[PDB]
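A.B. asks: Below is one structure. I have some questions about it.
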Amino acid sequence: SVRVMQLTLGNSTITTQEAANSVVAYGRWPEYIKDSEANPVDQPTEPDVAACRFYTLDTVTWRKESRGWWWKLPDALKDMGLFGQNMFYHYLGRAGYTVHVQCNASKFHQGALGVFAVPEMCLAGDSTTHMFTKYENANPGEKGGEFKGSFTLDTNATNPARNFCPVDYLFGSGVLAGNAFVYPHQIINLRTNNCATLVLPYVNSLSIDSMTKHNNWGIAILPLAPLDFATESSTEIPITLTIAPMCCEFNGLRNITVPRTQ
Amino acid sequence: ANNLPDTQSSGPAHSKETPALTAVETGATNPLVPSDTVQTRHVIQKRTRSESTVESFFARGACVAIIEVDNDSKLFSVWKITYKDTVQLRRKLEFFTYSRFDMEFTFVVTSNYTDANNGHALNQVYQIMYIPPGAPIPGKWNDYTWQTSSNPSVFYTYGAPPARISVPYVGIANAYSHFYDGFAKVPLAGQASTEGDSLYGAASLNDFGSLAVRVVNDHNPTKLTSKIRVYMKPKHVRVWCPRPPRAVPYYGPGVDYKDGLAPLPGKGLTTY
Ligand SMILES: COc1ccc(OCc2ccc(COc3c(Cl)cccc3Cl)cc2)c(Cl)c1
């Protein structure tokens, strides 16, 4: 039925008994580069089962006060097994994804989470200096980031944070959040479903790019209807994020990249 | 101006054929492609060399002269036709030894009052007369030579779109020579040193003649100056014998050099 599914990729399987169908972004399933759209001339590496499998990133907790969370792809998976290895050993890389967000509660809980997949999800910074966010802050990895309820300008001139300041109702980029529904999405309304499943093809203005310099997709999760339970002002339910890269192919092998951190 | 070949997929090799090894002493360049030294994938090539054709490389109007006339002998000026008065077009032409093409000349004319608060003049008309080598050159801005009964003239009205005319291949040889390793005279044994001496690399003393420019209106005591910028574009181009481009500053009409003889910067041998 629309509600029961099983996803198998490599050596990993995911089962769900409360789905609300699955979304295939823009109606496009991920695919490899065709010869007619090929650019780099060298033989690509395609790890296949070693990289195209389900990786579970860290679990976040939803509370009445949560504003939202965000992650960047392939960034969030840079340290994930052999996918991360191939990402750092190659100059160029390409991949699609199957994003599976998990969140179960009970029949006496309420709340709705909007799960959006955004191509080129550029976020707003914290200073008066334009495009000032530094690489280390823009790429948090598997832990991702969070949305805020208001904009707060960083004034420390001696030691600028050079970080993002994504305000939730402004979708972290100066647009109204209610219009974010034009992007592939699903809603995890506690009275209806457990999860959200989105299949994302590779989207870019090029056939292949640098995975370290460029993040193709952004995953934004916003509480559309806040978490509430029985009478417990105190309520916490975890949100686990499991993502699997698809049709990975890398070009331009050399020595490994070791990016600067923190 | 066409397509480039596709990249064919290439796998591993273990053979007695070694395209990587060669011997440049022969004077030939090794025609290798990526698949000769690495494993390649099949790529359908869609890039073309449409913009690097000899025609597209020269298909631009380049400035070759700025003729100036002061409508208050300066009432008229004469410019000896050449492409060596400027450096940009000259350097591009000199990638080749010989050339053959037609020419398109566009004239951009500007004028202005020298005085911010003095004088006035009615709209000016200019006459650009071509004086082929041999024809009488004007001595005054208004002598008989300006009747142009045979010389081609162009009358330009100030403010009108730039004037433009086409000239056929006018060389007396089968192609224009960008380089001429010789003289116009051979000094003979016995003659005075003053005799038989000529410039090295020069052909005719007057190759293509010159342009005589003047303002046709009667000059008013007002101080005015006009400038005619000449733009030339080679069209229907054919070129022969490539040469390395000019690396140091030009020093005259010849290949002479003097000043910027150290064009390259310093860089460590093992510095990326
Ligand atoms: C190798 O590169 C070359 C070769 C020959 C060249 O000049 C030959 C040449 C001969 C006659 C005329 C005369 O053209 C004109 C006429 Cl009819 C009427 C009005 C104005 C002009 Cl302008 C103009 C140029 C140049 Cl500029 C570059």
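Starting from 1 in every chain, residues are counted up; chains themselves are A, B, ... following the order of the structure tokens, and ligands are numbered from 1 as listed.
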Fewer than 2 positions away in the same chain doesn't count, so skip those; otherwise give me all residues within 12 Å of residue 92 in chain B, counting only C-alpha atoms, as a list in words.
C.D. replies: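 My reading of the contact set: residues 54, 57, 58, 59, 60, 62, 83, 84, 86, 87, 88, 89, 90, 94, 95, 96, 97, 99, 178, 233, 234, 239, 242, 243, 244, 245 and 246 of chain B.
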A.B. asks: Could you please take those selected residues and save N, CA and C atoms as a JSON list (two decimals), in the first residue's frame?
C.D. replies:
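Saved the output as selection.json:
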[["chain", "number", "residue", "atom", "x", "y", "z"],
["B", 54, "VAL", "N", 41.24, 31.06, -39.39],
["B", 54, "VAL", "CA", 42.01, 32.21, -39.80],
["B", 54, "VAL", "C", 41.12, 33.45, -40.02],
["B", 57, "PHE", "N", 39.73, 34.89, -36.61],
["B", 57, "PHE", "CA", 40.81, 35.46, -35.84],
["B", 57, "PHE", "C", 41.04, 36.92, -36.23],
["B", 58, "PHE", "N", 40.86, 37.24, -37.51],
["B", 58, "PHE", "CA", 41.06, 38.60, -38.02],
["B", 58, "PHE", "C", 39.80, 39.42, -38.22],
["B", 59, "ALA", "N", 38.63, 38.79, -38.10],
["B", 59, "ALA", "CA", 37.34, 39.45, -38.31],
["B", 59, "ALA", "C", 36.94, 40.51, -37.29],
["B", 60, "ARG", "N", 37.81, 41.50, -37.10],
["B", 60, "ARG", "CA", 37.61, 42.59, -36.15],
["B", 60, "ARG", "C", 38.22, 43.86, -36.73],
["B", 62, "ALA", "N", 40.36, 46.89, -36.46],
["B", 62, "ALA", "CA", 41.44, 47.36, -35.60],
["B", 62, "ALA", "C", 41.88, 48.76, -36.03],
["B", 83, "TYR", "N", 50.16, 49.51, -41.71],
["B", 83, "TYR", "CA", 49.52, 48.80, -40.60],
["B", 83, "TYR", "C", 50.48, 48.76, -39.41],
["B", 84, "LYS", "N", 51.65, 49.36, -39.59],
["B", 84, "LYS", "CA", 52.69, 49.37, -38.57],
["B", 84, "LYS", "C", 52.72, 50.57, -37.64],
["B", 86, "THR", "N", 50.42, 51.15, -35.56],
["B", 86, "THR", "CA", 49.82, 50.66, -34.32],
["B", 86, "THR", "C", 50.45, 49.28, -34.06],
["B", 87, "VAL", "N", 50.25, 48.72, -32.87],
["B", 87, "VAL", "CA", 50.85, 47.43, -32.55],
["B", 87, "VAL", "C", 49.96, 46.20, -32.54],
["B", 88, "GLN", "N", 48.71, 46.37, -32.12],
["B", 88, "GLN", "CA", 47.77, 45.25, -32.01],
["B", 88, "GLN", "C", 47.47, 44.45, -33.27],
["B", 89, "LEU", "N", 47.06, 45.12, -34.35],
["B", 89, "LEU", "CA", 46.77, 44.41, -35.58],
["B", 89, "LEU", "C", 48.08, 43.88, -36.16],
["B", 90, "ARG", "N", 49.12, 44.71, -36.12],
["B", 90, "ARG", "CA", 50.44, 44.33, -36.63],
["B", 90, "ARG", "C", 50.94, 43.01, -36.05],
["B", 94, "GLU", "N", 51.55, 39.37, -38.11],
["B", 94, "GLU", "CA", 52.89, 38.80, -38.09],
["B", 94, "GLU", "C", 53.05, 37.39, -37.52],
["B", 95, "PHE", "N", 51.94, 36.69, -37.37],
["B", 95, "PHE", "CA", 51.94, 35.30, -36.94],
["B", 95, "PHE", "C", 52.20, 34.52, -38.24],
["B", 96, "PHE", "N", 52.10, 35.21, -39.37],
["B", 96, "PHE", "CA", 52.28, 34.65, -40.70],
["B", 96, "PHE", "C", 53.24, 35.48, -41.55],
["B", 97, "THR", "N", 53.90, 34.83, -42.51],
["B", 97, "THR", "CA", 54.85, 35.50, -43.39],
["B", 97, "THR", "C", 54.18, 36.19, -44.58],
["B", 99, "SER", "N", 50.22, 37.00, -46.71],
["B", 99, "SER", "CA", 48.78, 37.06, -46.56],
["B", 99, "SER", "C", 48.14, 37.56, -47.84],
["B", 178, "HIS", "N", 54.77, 40.03, -45.16],
["B", 178, "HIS", "CA", 54.87, 40.65, -43.85],
["B", 178, "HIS", "C", 56.35, 40.81, -43.51],
["B", 233, "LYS", "N", 39.71, 46.04, -41.38],
["B", 233, "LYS", "CA", 39.38, 44.64, -41.14],
["B", 233, "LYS", "C", 39.67, 43.77, -42.36],
["B", 234, "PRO", "N", 40.56, 42.78, -42.23],
["B", 234, "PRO", "CA", 40.86, 41.90, -43.36],
["B", 234, "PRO", "C", 39.70, 40.92, -43.53],
["B", 239, "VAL", "N", 46.40, 32.93, -45.37],
["B", 239, "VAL", "CA", 47.72, 33.24, -44.82],
["B", 239, "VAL", "C", 48.67, 32.06, -44.98],
["B", 242, "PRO", "N", 53.54, 30.17, -40.83],
["B", 242, "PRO", "CA", 53.45, 30.68, -39.45],
["B", 242, "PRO", "C", 54.82, 31.02, -38.85],
["B", 243, "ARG", "N", 54.82, 32.01, -37.97],
["B", 243, "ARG", "CA", 56.04, 32.47, -37.33],
["B", 243, "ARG", "C", 55.76, 32.69, -35.85],
["B", 244, "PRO", "N", 56.79, 32.62, -34.99],
["B", 244, "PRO", "CA", 56.51, 32.87, -33.57],
["B", 244, "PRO", "C", 56.12, 34.35, -33.42],
["B", 245, "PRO", "N", 55.20, 34.66, -32.49],
["B", 245, "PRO", "CA", 54.78, 36.06, -32.30],
["B", 245, "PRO", "C", 55.86, 36.97, -31.67],
["B", 246, "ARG", "N", 55.69, 38.28, -31.83],
["B", 246, "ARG", "CA", 56.61, 39.28, -31.30],
["B", 246, "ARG", "C", 56.61, 39.20, -29.77]]
A.B. asks: Can you pull out every residue within 12 Å of residue 75 in chain A, counting only C-alpha atoms, but drop anything in the same chain fewer than 5 positions away, and send it as a PDB file with N, CA, C and O atoms, in the first residue's frame?
C.D. replies:
ATOM      1  N   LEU A  57      23.176   9.232   9.664  1.00  0.00           N
ATOM      2  CA  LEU A  57      23.838  10.398  10.247  1.00  0.00           C
ATOM      3  C   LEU A  57      23.313  10.550  11.670  1.00  0.00           C
ATOM      4  O   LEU A  57      22.389   9.840  12.067  1.00  0.00           O
ATOM      5  N   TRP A  70      19.183  21.790   9.196  1.00  0.00           N
ATOM      6  CA  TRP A  70      19.587  21.760   7.796  1.00  0.00           C
ATOM      7  C   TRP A  70      20.892  20.988   7.631  1.00  0.00           C
ATOM      8  O   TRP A  70      21.679  20.885   8.568  1.00  0.00           O
ATOM      9  N   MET A  80      31.504   9.351   5.557  1.00  0.00           N
ATOM     10  CA  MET A  80      30.808   8.080   5.513  1.00  0.00           C
ATOM     11  C   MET A  80      31.491   6.996   4.686  1.00  0.00           C
ATOM     12  O   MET A  80      31.509   7.060   3.459  1.00  0.00           O
ATOM     13  N   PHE A  83      32.325   6.045   0.677  1.00  0.00           N
ATOM     14  CA  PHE A  83      31.796   7.144  -0.117  1.00  0.00           C
ATOM     15  C   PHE A  83      32.718   8.346   0.131  1.00  0.00           C
ATOM     16  O   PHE A  83      33.155   9.009  -0.810  1.00  0.00           O
ATOM     17  N   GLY A  84      33.024   8.602   1.404  1.00  0.00           N
ATOM     18  CA  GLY A  84      33.895   9.703   1.766  1.00  0.00           C
ATOM     19  C   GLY A  84      35.293   9.552   1.199  1.00  0.00           C
ATOM     20  O   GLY A  84      35.917  10.530   0.797  1.00  0.00           O
ATOM     21  N   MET A  87      35.241  10.432  -2.442  1.00  0.00           N
ATOM     22  CA  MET A  87      34.990  11.859  -2.551  1.00  0.00           C
ATOM     23  C   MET A  87      36.284  12.652  -2.429  1.00  0.00           C
ATOM     24  O   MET A  87      36.533  13.567  -3.210  1.00  0.00           O
ATOM     25  N   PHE A  88      37.110  12.294  -1.450  1.00  0.00           N
ATOM     26  CA  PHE A  88      38.369  12.985  -1.210  1.00  0.00           C
ATOM     27  C   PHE A  88      39.536  12.609  -2.103  1.00  0.00           C
ATOM     28  O   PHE A  88      40.480  13.378  -2.221  1.00  0.00           O
ATOM     29  N   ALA A  95      26.746  12.218  -7.692  1.00  0.00           N
ATOM     30  CA  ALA A  95      25.888  11.256  -7.004  1.00  0.00           C
ATOM     31  C   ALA A  95      24.479  11.781  -6.796  1.00  0.00           C
ATOM     32  O   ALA A  95      24.259  12.992  -6.740  1.00  0.00           O
ATOM     33  N   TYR A 135      34.392  28.629   4.709  1.00  0.00           N
ATOM     34  CA  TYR A 135      34.280  27.221   4.330  1.00  0.00           C
ATOM     35  C   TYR A 135      33.962  26.248   5.475  1.00  0.00           C
ATOM     36  O   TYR A 135      33.034  25.445   5.366  1.00  0.00           O
ATOM     37  N   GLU A 136      34.716  26.340   6.568  1.00  0.00           N
ATOM     38  CA  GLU A 136      34.553  25.469   7.736  1.00  0.00           C
ATOM     39  C   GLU A 136      33.168  25.537   8.367  1.00  0.00           C
ATOM     40  O   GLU A 136      32.679  24.544   8.900  1.00  0.00           O
ATOM     41  N   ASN A 137      32.552  26.715   8.322  1.00  0.00           N
ATOM     42  CA  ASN A 137      31.223  26.915   8.898  1.00  0.00           C
ATOM     43  C   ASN A 137      30.102  26.510   7.956  1.00  0.00           C
ATOM     44  O   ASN A 137      29.026  26.106   8.401  1.00  0.00           O
ATOM     45  N   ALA A 138      30.341  26.679   6.659  1.00  0.00           N
ATOM     46  CA  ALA A 138      29.373  26.337   5.626  1.00  0.00           C
ATOM     47  C   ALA A 138      29.255  24.821   5.450  1.00  0.00           C
ATOM     48  O   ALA A 138      28.232  24.320   4.979  1.00  0.00           O
ATOM     49  N   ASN A 139      30.299  24.097   5.840  1.00  0.00           N
ATOM     50  CA  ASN A 139      30.340  22.643   5.719  1.00  0.00           C
ATOM     51  C   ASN A 139      30.492  21.937   7.069  1.00  0.00           C
ATOM     52  O   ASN A 139      31.567  21.426   7.391  1.00  0.00           O
ATOM     53  N   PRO A 140      29.402  21.863   7.854  1.00  0.00           N
ATOM     54  CA  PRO A 140      29.414  21.217   9.173  1.00  0.00           C
ATOM     55  C   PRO A 140      29.508  19.680   9.175  1.00  0.00           C
ATOM     56  O   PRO A 140      29.797  19.070  10.212  1.00  0.00           O
ATOM     57  N   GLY A 141      29.266  19.055   8.031  1.00  0.00           N
ATOM     58  CA  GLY A 141      29.307  17.607   7.974  1.00  0.00           C
ATOM     59  C   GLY A 141      28.001  17.017   8.471  1.00  0.00           C
ATOM     60  O   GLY A 141      26.965  17.674   8.467  1.00  0.00           O
ATOM     61  N   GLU A 142      28.059  15.766   8.891  1.00  0.00           N
ATOM     62  CA  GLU A 142      26.895  15.029   9.388  1.00  0.00           C
ATOM     63  C   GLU A 142      26.068  15.683  10.486  1.00  0.00           C
ATOM     64  O   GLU A 142      24.899  15.338  10.665  1.00  0.00           O
ATOM     65  N   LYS A 143      26.669  16.575  11.261  1.00  0.00           N
ATOM     66  CA  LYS A 143      25.915  17.229  12.322  1.00  0.00           C
ATOM     67  C   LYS A 143      25.027  18.355  11.793  1.00  0.00           C
ATOM     68  O   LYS A 143      24.075  18.759  12.458  1.00  0.00           O
ATOM     69  N   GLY A 144      25.333  18.842  10.594  1.00  0.00           N
ATOM     70  CA  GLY A 144      24.542  19.895   9.982  1.00  0.00           C
ATOM     71  C   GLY A 144      24.413  21.176  10.780  1.00  0.00           C
ATOM     72  O   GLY A 144      25.335  21.581  11.483  1.00  0.00           O
ATOM     73  N   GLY A 145      23.259  21.820  10.672  1.00  0.00           N
ATOM     74  CA  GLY A 145      23.045  23.063  11.383  1.00  0.00           C
ATOM     75  C   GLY A 145      21.618  23.235  11.850  1.00  0.00           C
ATOM     76  O   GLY A 145      20.813  22.305  11.779  1.00  0.00           O
ATOM     77  N   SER A 210      33.124  19.479  -8.455  1.00  0.00           N
ATOM     78  CA  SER A 210      33.969  19.229  -7.301  1.00  0.00           C
ATOM     79  C   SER A 210      33.026  19.075  -6.112  1.00  0.00           C
ATOM     80  O   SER A 210      32.245  19.982  -5.825  1.00  0.00           O
ATOM     81  N   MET A 211      33.064  17.923  -5.445  1.00  0.00           N
ATOM     82  CA  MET A 211      32.199  17.687  -4.293  1.00  0.00           C
ATOM     83  C   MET A 211      32.658  18.425  -3.040  1.00  0.00           C
ATOM     84  O   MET A 211      31.879  18.640  -2.117  1.00  0.00           O
ATOM     85  N   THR A 212      33.936  18.780  -2.996  1.00  0.00           N
ATOM     86  CA  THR A 212      34.478  19.494  -1.857  1.00  0.00           C
ATOM     87  C   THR A 212      34.186  20.994  -1.933  1.00  0.00           C
ATOM     88  O   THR A 212      33.919  21.626  -0.916  1.00  0.00           O
ATOM     89  N   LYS A 213      34.193  21.558  -3.135  1.00  0.00           N
ATOM     90  CA  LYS A 213      33.912  22.982  -3.308  1.00  0.00           C
ATOM     91  C   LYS A 213      32.424  23.289  -3.387  1.00  0.00           C
ATOM     92  O   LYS A 213      31.975  24.344  -2.943  1.00  0.00           O
ATOM     93  N   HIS A 214      31.656  22.343  -3.910  1.00  0.00           N
ATOM     94  CA  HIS A 214      30.240  22.554  -4.155  1.00  0.00           C
ATOM     95  C   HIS A 214      29.237  21.548  -3.571  1.00  0.00           C
ATOM     96  O   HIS A 214      29.395  20.338  -3.709  1.00  0.00           O
ATOM     97  N   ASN A 215      28.206  22.067  -2.909  1.00  0.00           N
ATOM     98  CA  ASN A 215      27.125  21.249  -2.348  1.00  0.00           C
ATOM     99  C   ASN A 215      25.927  21.415  -3.291  1.00  0.00           C
ATOM    100  O   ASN A 215      25.446  22.529  -3.523  1.00  0.00           O
ATOM    101  N   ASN A 216      25.463  20.301  -3.841  1.00  0.00           N
ATOM    102  CA  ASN A 216      24.370  20.296  -4.805  1.00  0.00           C
ATOM    103  C   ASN A 216      22.981  20.445  -4.212  1.00  0.00           C
ATOM    104  O   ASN A 216      22.154  21.197  -4.732  1.00  0.00           O
ATOM    105  N   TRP A 217      22.726  19.705  -3.137  1.00  0.00           N
ATOM    106  CA  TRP A 217      21.434  19.716  -2.466  1.00  0.00           C
ATOM    107  C   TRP A 217      21.551  20.144  -1.022  1.00  0.00           C
ATOM    108  O   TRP A 217      22.602  20.016  -0.399  1.00  0.00           O
ATOM    109  N   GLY A 218      20.442  20.640  -0.495  1.00  0.00           N
ATOM    110  CA  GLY A 218      20.370  21.042   0.888  1.00  0.00           C
ATOM    111  C   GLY A 218      19.115  20.386   1.413  1.00  0.00           C
ATOM    112  O   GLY A 218      18.142  20.240   0.678  1.00  0.00           O
ATOM    113  N   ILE A 219      19.161  19.901   2.646  1.00  0.00           N
ATOM    114  CA  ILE A 219      17.996  19.280   3.267  1.00  0.00           C
ATOM    115  C   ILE A 219      17.594  20.193   4.414  1.00  0.00           C
ATOM    116  O   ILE A 219      18.404  20.476   5.294  1.00  0.00           O
ATOM    117  N   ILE A 243      20.658   8.548   4.770  1.00  0.00           N
ATOM    118  CA  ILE A 243      20.820   8.904   3.360  1.00  0.00           C
ATOM    119  C   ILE A 243      21.724   7.915   2.634  1.00  0.00           C
ATOM    120  O   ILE A 243      22.704   7.439   3.197  1.00  0.00           O
ATOM    121  N   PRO A 245      23.840   7.431  -1.057  1.00  0.00           N
ATOM    122  CA  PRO A 245      24.221   7.999  -2.350  1.00  0.00           C
ATOM    123  C   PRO A 245      23.884   7.003  -3.467  1.00  0.00           C
ATOM    124  O   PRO A 245      23.845   5.793  -3.237  1.00  0.00           O
ATOM    125  N   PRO A 259      40.805  18.600   3.856  1.00  0.00           N
ATOM    126  CA  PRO A 259      40.361  19.977   4.082  1.00  0.00           C
ATOM    127  C   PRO A 259      40.619  20.503   5.486  1.00  0.00           C
ATOM    128  O   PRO A 259      40.708  19.735   6.452  1.00  0.00           O
TER     129      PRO A 259
END
A.B. asks: For residue 148 in chain B, find every residue with an atom within 12 Å (counting only C-alpha atoms), except residues of its own chain fewer than 6 positions away, and show them as a list in words.
C.D. replies: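 Near residue 148 in chain B, the qualifying residues are residues 127, 128, 129, 130, 131, 132, 135, 136, 137, 138, 142, 154, 155 and 212 of chain B.
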A.B. asks: Mind writing the picked residues with N, CA, C and O atoms as an mmCIF file, in the first residue's frame?
C.D. replies:
data_model
loop_
_atom_site.group_PDB
_atom_site.id
_atom_site.type_symbol
_atom_site.label_atom_id
_atom_site.label_comp_id
_atom_site.auth_asym_id
_atom_site.auth_seq_id
_atom_site.Cartn_x
_atom_site.Cartn_y
_atom_site.Cartn_z
ATOM 1 N N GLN B 127 36.751 65.436 -46.613
ATOM 2 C CA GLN B 127 37.063 64.744 -47.847
ATOM 3 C C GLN B 127 38.287 63.891 -47.574
ATOM 4 O O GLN B 127 39.310 64.392 -47.125
ATOM 5 N N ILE B 128 38.141 62.588 -47.765
ATOM 6 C CA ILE B 128 39.235 61.652 -47.582
ATOM 7 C C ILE B 128 39.596 61.165 -48.974
ATOM 8 O O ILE B 128 38.846 60.414 -49.591
ATOM 9 N N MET B 129 40.698 61.685 -49.504
ATOM 10 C CA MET B 129 41.161 61.331 -50.837
ATOM 11 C C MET B 129 42.326 60.357 -50.807
ATOM 12 O O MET B 129 43.277 60.529 -50.043
ATOM 13 N N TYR B 130 42.223 59.303 -51.606
ATOM 14 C CA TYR B 130 43.287 58.321 -51.686
ATOM 15 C C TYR B 130 44.212 58.745 -52.821
ATOM 16 O O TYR B 130 43.770 58.989 -53.942
ATOM 17 N N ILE B 131 45.496 58.889 -52.513
ATOM 18 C CA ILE B 131 46.477 59.290 -53.509
ATOM 19 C C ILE B 131 47.386 58.111 -53.819
ATOM 20 O O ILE B 131 48.325 57.828 -53.064
ATOM 21 N N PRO B 132 47.083 57.366 -54.897
ATOM 22 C CA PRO B 132 47.885 56.207 -55.291
ATOM 23 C C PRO B 132 49.299 56.670 -55.626
ATOM 24 O O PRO B 132 49.483 57.756 -56.186
ATOM 25 N N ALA B 135 50.294 59.816 -58.139
ATOM 26 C CA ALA B 135 49.361 60.928 -58.255
ATOM 27 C C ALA B 135 49.886 62.152 -57.501
ATOM 28 O O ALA B 135 50.636 62.021 -56.523
ATOM 29 N N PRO B 136 49.519 63.363 -57.961
ATOM 30 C CA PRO B 136 49.966 64.600 -57.311
ATOM 31 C C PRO B 136 49.406 64.766 -55.895
ATOM 32 O O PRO B 136 48.206 64.576 -55.654
ATOM 33 N N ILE B 137 50.290 65.089 -54.955
ATOM 34 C CA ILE B 137 49.909 65.286 -53.555
ATOM 35 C C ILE B 137 49.527 66.745 -53.304
ATOM 36 O O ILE B 137 50.226 67.662 -53.760
ATOM 37 N N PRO B 138 48.417 66.982 -52.579
ATOM 38 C CA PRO B 138 47.991 68.357 -52.309
ATOM 39 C C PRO B 138 49.005 69.214 -51.555
ATOM 40 O O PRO B 138 49.658 68.759 -50.610
ATOM 41 N N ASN B 142 43.203 73.541 -50.557
ATOM 42 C CA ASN B 142 42.284 73.840 -51.644
ATOM 43 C C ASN B 142 42.883 73.940 -53.046
ATOM 44 O O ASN B 142 42.338 74.645 -53.896
ATOM 45 N N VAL B 154 36.165 60.103 -50.490
ATOM 46 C CA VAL B 154 35.022 59.816 -49.635
ATOM 47 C C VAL B 154 34.674 61.131 -48.939
ATOM 48 O O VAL B 154 35.534 61.759 -48.325
ATOM 49 N N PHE B 155 33.441 61.586 -49.113
ATOM 50 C CA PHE B 155 32.989 62.814 -48.478
ATOM 51 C C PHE B 155 32.116 62.431 -47.299
ATOM 52 O O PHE B 155 31.066 61.799 -47.457
ATOM 53 N N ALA B 212 44.842 61.749 -48.031
ATOM 54 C CA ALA B 212 44.884 63.183 -47.809
ATOM 55 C C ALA B 212 43.503 63.526 -47.266
ATOM 56 O O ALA B 212 42.493 63.210 -47.879
#
A.B. asks: Using only C-alpha atoms for the distances, tell me which of A:43, A:173, A:8, A:17 is nearest to chain B.
C.D. replies: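 Of the candidates, the smallest distance to chain B is held by A:43.
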A.B. asks: Can you write out as a Markdown table which residues of chain A fall within 12 Å of chain B, alongside each residue's closest atom pair and its distance in Å to one decimal, counting only C-alpha atoms and ordering rows by chain and ascending residue number?
C.D. replies:
| residue | atom | partner | partner_atom | distance |
| --- | --- | --- | --- | --- |
| A:33 | CA | B:43 | CA | 10.0 |
| A:34 | CA | B:43 | CA | 8.4 |
| A:35 | CA | B:43 | CA | 4.9 |
| A:36 | CA | B:44 | CA | 5.0 |
| A:37 | CA | B:44 | CA | 7.4 |
| A:38 | CA | B:43 | CA | 5.5 |
| A:39 | CA | B:43 | CA | 6.9 |
| A:40 | CA | B:43 | CA | 8.1 |
| A:41 | CA | B:40 | CA | 5.7 |
| A:42 | CA | B:40 | CA | 4.4 |
| A:43 | CA | B:40 | CA | 4.6 |
| A:44 | CA | B:41 | CA | 7.4 |
| A:45 | CA | B:41 | CA | 10.7 |
| A:251 | CA | B:41 | CA | 10.4 |
| A:252 | CA | B:40 | CA | 11.3 |
| A:253 | CA | B:38 | CA | 11.9 |
A.B. asks: Could the residues in this selection be written to a file with N, CA and C atoms, as an mmCIF file, in the first residue's frame?
C.D. replies:
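Writing the result to result.cif gives the following:
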data_model
loop_
_atom_site.group_PDB
_atom_site.id
_atom_site.type_symbol
_atom_site.label_atom_id
_atom_site.label_comp_id
_atom_site.auth_asym_id
_atom_site.auth_seq_id
_atom_site.Cartn_x
_atom_site.Cartn_y
_atom_site.Cartn_z
ATOM 1 N N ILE A 33 26.379 9.498 -16.015
ATOM 2 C CA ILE A 33 26.603 10.425 -17.118
ATOM 3 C C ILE A 33 26.598 9.651 -18.433
ATOM 4 N N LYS A 34 25.857 10.157 -19.415
ATOM 5 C CA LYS A 34 25.790 9.521 -20.723
ATOM 6 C C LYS A 34 26.972 10.025 -21.533
ATOM 7 N N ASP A 35 27.382 9.268 -22.538
ATOM 8 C CA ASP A 35 28.510 9.667 -23.370
ATOM 9 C C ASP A 35 28.281 10.998 -24.066
ATOM 10 N N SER A 36 27.020 11.313 -24.337
ATOM 11 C CA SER A 36 26.667 12.556 -25.012
ATOM 12 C C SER A 36 26.683 13.760 -24.079
ATOM 13 N N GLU A 37 26.786 13.500 -22.781
ATOM 14 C CA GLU A 37 26.827 14.568 -21.801
ATOM 15 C C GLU A 37 28.131 14.511 -21.001
ATOM 16 N N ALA A 38 29.026 13.609 -21.387
ATOM 17 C CA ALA A 38 30.303 13.428 -20.713
ATOM 18 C C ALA A 38 31.236 14.627 -20.922
ATOM 19 N N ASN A 39 32.108 14.876 -19.950
ATOM 20 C CA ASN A 39 33.061 15.983 -20.026
ATOM 21 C C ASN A 39 34.496 15.492 -19.748
ATOM 22 N N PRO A 40 34.814 15.062 -18.496
ATOM 23 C CA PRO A 40 36.176 14.582 -18.233
ATOM 24 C C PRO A 40 36.360 13.305 -19.055
ATOM 25 N N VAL A 41 37.509 13.178 -19.705
ATOM 26 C CA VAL A 41 37.774 12.032 -20.566
ATOM 27 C C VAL A 41 38.303 10.763 -19.919
ATOM 28 N N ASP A 42 38.771 10.847 -18.681
ATOM 29 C CA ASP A 42 39.310 9.668 -18.016
ATOM 30 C C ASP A 42 38.243 8.680 -17.553
ATOM 31 N N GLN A 43 38.636 7.418 -17.431
ATOM 32 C CA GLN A 43 37.753 6.353 -16.976
ATOM 33 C C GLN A 43 37.286 6.638 -15.551
ATOM 34 N N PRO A 44 35.962 6.664 -15.320
ATOM 35 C CA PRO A 44 35.410 6.928 -13.991
ATOM 36 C C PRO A 44 35.488 5.708 -13.085
ATOM 37 N N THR A 45 35.367 5.942 -11.782
ATOM 38 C CA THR A 45 35.334 4.860 -10.806
ATOM 39 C C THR A 45 33.880 4.843 -10.379
ATOM 40 N N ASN A 251 35.896 11.090 -11.091
ATOM 41 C CA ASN A 251 36.902 11.306 -12.132
ATOM 42 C C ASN A 251 38.040 12.152 -11.573
ATOM 43 N N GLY A 252 39.237 11.995 -12.123
ATOM 44 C CA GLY A 252 40.380 12.781 -11.684
ATOM 45 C C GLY A 252 41.047 12.338 -10.396
ATOM 46 N N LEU A 253 41.497 11.088 -10.368
ATOM 47 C CA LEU A 253 42.158 10.508 -9.203
ATOM 48 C C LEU A 253 43.576 11.059 -8.993
#
A.B. asks: Between CA of residue 252 in chain B and CA of residue 77 in chain B, what is the distance in Å, rounded to a tenth?
C.D. replies: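 Pair CA of residue 252 in chain B / CA of residue 77 in chain B returns 21.9 Å.
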A.B. asks: Range 75-104 of chain B: which residues are helix (DSSP H, G or I) by DSSP, as a list in words?
C.D. replies: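 In range 75-104 of chain B, DSSP puts these residues in helix (DSSP H, G or I): residues 88, 89, 90, 91, 92 and 93 of chain B.
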A.B. asks: I'd like the contact shell of residue 175 in chain B - 8 Å cut-off, only C-alpha atoms, skipping same-chain residues fewer than 2 positions apart - returned as JSON, numbers by chain.
C.D. replies: {"B": [98, 99, 100, 171, 173, 177]}
